[PDB]
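First comes one chain, alone, set out as structure tokens in the form deposited in one PDB entry.
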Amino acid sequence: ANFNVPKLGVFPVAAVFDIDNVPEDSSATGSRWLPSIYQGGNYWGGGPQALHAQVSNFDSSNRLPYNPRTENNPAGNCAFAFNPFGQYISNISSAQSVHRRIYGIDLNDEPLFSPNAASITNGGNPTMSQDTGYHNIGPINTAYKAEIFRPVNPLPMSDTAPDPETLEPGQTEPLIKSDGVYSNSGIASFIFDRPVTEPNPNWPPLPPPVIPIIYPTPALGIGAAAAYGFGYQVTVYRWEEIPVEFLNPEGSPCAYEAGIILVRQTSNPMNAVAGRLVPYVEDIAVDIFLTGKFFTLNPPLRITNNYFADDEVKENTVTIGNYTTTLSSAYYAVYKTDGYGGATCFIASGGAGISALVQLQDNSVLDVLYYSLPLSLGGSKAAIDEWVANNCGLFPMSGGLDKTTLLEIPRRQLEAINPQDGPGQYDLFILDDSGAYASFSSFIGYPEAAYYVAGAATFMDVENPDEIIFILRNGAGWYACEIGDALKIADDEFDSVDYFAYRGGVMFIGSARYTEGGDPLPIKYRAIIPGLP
């Protein structure tokens, strides 16, 4: 719905200052601290402060361990979702390993875990990687480690023929039944901010409710999981029968039977026993608790954060990760600034994938929380802006003022109080009596106090100097500030407003300069104070 905004007047210039005590910026390069009138789409601005993000070259060594920030792990730095899972697949090979390991035949034996490929790919949001350097089963490298092998029921042992000199049946490990029934373990999903737990048998009323089994190490991207019921079958043998017989006169020994086993004490042949080793098929089941190490690639970032304060220009720079050489500028980047070195930024090196929500103060990184831009956004600036607004509460409020037949701006940017789209958020505020300005003028606005001060209302005729726009955030009305005097150079020539910012009731202007030949010169900086109510 449209809403008319009447021009209530013109704010006269109360003071002008040449800003000379500052570093030289080439008009062909741009201001190092003053955002250009074409950068409204990169800011939710609050003052003469400018940021730029560079992406360092990287490789598979620039890793971000999966360390999710949650209620239970507030010190983690990941905000994106990742839910890996898999199973221990049972077959002659893996059963062999589990078997030899639980019976103590060989403690280096361990079955190989089978991750679900798609849960690792994670819909490419972001694409995760398994750290195969984490653990190895012999010559095989794996990102998984069996921590605990727990048989569900006490392990069976096979009986053996009674001892000749003791008649006491011995013992030996059951033999795996190669053609028996194999059972894959259940679903093992890794968790990172809390241990794997099982319900306390006698929970009510004895605490604790659950019992911790194993712990993940989120700082290292190590997750924990439980693979219940890995099963295979074995052949167990049990002793049997009795004894007795009657062998006499010139001897004392008898004979008969088939398939049976007769043993007679070596110290006393009269003391005897018999029986058989009956083979039974048994189910071996074991719960296996494991850990998994994951990560995603994270290109190092370098951010400059410069602003004007105390009449000077403070330059800052920060790096995140092992920065080496620059690969390019960040694909996407929006900055909310306070005008004094404070800034919340959302930086995405690419059009999708790993992104960083950064909190800055001068050259200090107060915090970094990582997000991931879904591939579905198709690298669309407009699409990402909405996604960031929804997931981080950030939106480029400084971009929005536009001049078609008249100046107009959406409620959202004008009010600059709610980053998310919503009812009435796209209502259009049209400024009346603003038709003379040209269509090609660009605006970067600063929502402060009662006004949305947008810089850069230009004219098709050189004779008319640029004007700054002050719009009441309640839509009640707007004012213009003619800064012709402040911008006047030659008798008939004027400096244009190419860089603009507004803070504490003060306007900061940057003007591009060139030689008669067209060679870049230092940007002219000025400070203009409007006579506000």
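All residue numbers are counted from 1 along the displayed sequence. Rigid core here is just the name for the largest C-alpha set that superposes within 1.5 Å across the two forms.
Just so you know, the form deposited in another entry exists too; it's not on screen, but the next bit is about it.
Participant: Just one of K381, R276, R194, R100 has a C-alpha that shifts by 2 Å or more between the shown form and the other one on a rigid core fit; which is it?
Facilitator: Shifted by 2 Å or more: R276 only.
Participant: Core aligned, does the CA of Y426 move at least 2 Å between the shown form and the other one?
Facilitator: Comparing the forms between the shown form and the other one, which are aligned on their rigid core, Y426 does not shift its C-alpha by 2 Å or more.
Participant: Note yes or no: does the Cα of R264 move by 2 Å or more between the shown form and the other one after the core is superposed?
Facilitator: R264: C-alpha displaced by 2 Å or more between the shown form and the other one.
Participant: So that I can tell if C254 moves, could you say whether its C-alpha shifts by at least 2 Å between the shown form and the other one after the core superposition?
Facilitator: Yes, shifts by 2 Å or more.
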